[PDB]
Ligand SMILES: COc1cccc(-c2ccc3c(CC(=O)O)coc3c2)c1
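Just one chain is shown here, as structure tokens, and it is the form deposited without this ligand.
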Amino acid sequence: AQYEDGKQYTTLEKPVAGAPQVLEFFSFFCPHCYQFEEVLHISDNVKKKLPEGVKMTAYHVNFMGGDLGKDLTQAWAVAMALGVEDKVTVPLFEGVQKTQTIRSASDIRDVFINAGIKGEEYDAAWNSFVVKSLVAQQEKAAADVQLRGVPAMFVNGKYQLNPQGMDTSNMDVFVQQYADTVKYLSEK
């Protein structure tokens, strides 16, 4: 078959009840996640092909970067709570990996301030229990798919994308295949 379990995707031995329809894990410290988002634009290419009524969810992970990695998962919770993911994704990736100007929680906050989030608004979100719950949700979701590394993407809590089984010859053929596989899985 054109799509095969073990080729473009694998199947979770323990499917996750109630999981987001399309769930991406990443770290702003992960070099391959930087390529996925800033060079390949995997998330946007996937979103453009999702069936009607299917949304993409993206969660940050703690296991890269120590203290700052956890601060970034909390800041990503703030971005989710405030609905500013599209304002801060590029400056967080570039701040951590390109300019390496993000070295502390204050430097993360500066990205939000510079993007026009008011200081009081960021700080109230950072300290909120809504954000504490969002951190816990990101952690629980990684546990539920037995996450071992990033980038990673899971469809309907049942299928894990397998980019190492796709055609990696041309970067744009690869992005197309990745996005087409997510669409296929979302309809399975």
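Start at 1 with the first residue shown and count on from there.
Keep in mind that the form solved in complex with this ligand is not shown, yet the notes after this line are about it.
Using a 4.5 Å heavy atom cutoff, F36, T168 and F174 all lie near this ligand in the deposited bound form. In the deposited bound form, this ligand sits beyond 4.5 Å of every heavy atom of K132. At a distance threshold of 4.5 angstroms between non-hydrogen atoms, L50 is out of contact with this ligand in the deposited bound form.
Although the partner is absent from this view, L40 contacts this ligand in the deposited bound form, with a non-hydrogen atom inside 4.5 angstroms. In the deposited bound form, the residues of 126-165 lying within 4.5 Å of this ligand by at least one heavy atom are, in order, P151, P163, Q164.
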